[PDB]
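Read the single chain below, which is given as structure tokens and is the form deposited in one PDB entry.
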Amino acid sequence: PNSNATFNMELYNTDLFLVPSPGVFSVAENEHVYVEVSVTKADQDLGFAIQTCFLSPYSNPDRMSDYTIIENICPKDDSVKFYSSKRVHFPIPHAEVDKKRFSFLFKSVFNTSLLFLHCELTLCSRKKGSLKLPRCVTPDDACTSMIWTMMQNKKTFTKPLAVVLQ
């Protein structure tokens, strides 16, 4: 099976995810952050999961934060809302871009002008078969319930955010 895949993460102005934010996304307490993550692939049995998302004052995602949004696929922040996924098909190379979309309502946890939203994405299998990967599990099913995904099958992305300090 073809498990070649690339991932992307982008912030958007609204929950129609029509227009990507230029240049650095500004946020304030009780404004929404709109997050689109995607995998581009050429195998229908191949899916992905948003393993973890969290914010911190550090671009390096190895640094610890207690501002967790998603953890082990389950939403940990109470404001996280999912939108429908969107699959864009490129039938000539039989490729598709599979997009997952969510938002959260920004909380005043930190006090730095710039913050970083870090999301870790991992590949999974949509169908018990010749694809060697954990089965895709929905966010709701994660919460009502933890295998190691190999480095080429996962990626962390980090987007910057600007905040006006009070």
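Just count from 1 along the sequence shown to find any residue number. C-alpha atoms forming the largest set that superposes within 1.5 Å between two forms make up the rigid core.
The next section is about a form of this same protein that is not shown, the form deposited in another entry.
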**Q.** Displaced residue check between this form and the one not shown: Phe90, CA, 2 Å or over, core reference
**A.** yes
Q) 2 Å or more on the CA of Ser21 between this form and the one not shown, with the rigid core superposed, yes or no? A) no
Q) Rigid core fitted, is the C-alpha displacement of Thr156 between this form and the one not shown 2 Å or more? A) no
Q) Relative to the form shown here, do the C-alpha atoms of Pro93 and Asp98 sit closer together or farther apart in the other entry, given a change of 3 Å or more? A) closer
Q. In the other entry, do the Cα atoms of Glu10 and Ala95 sit closer or farther apart than here, given a shift of 3 Å or more?
A. closer
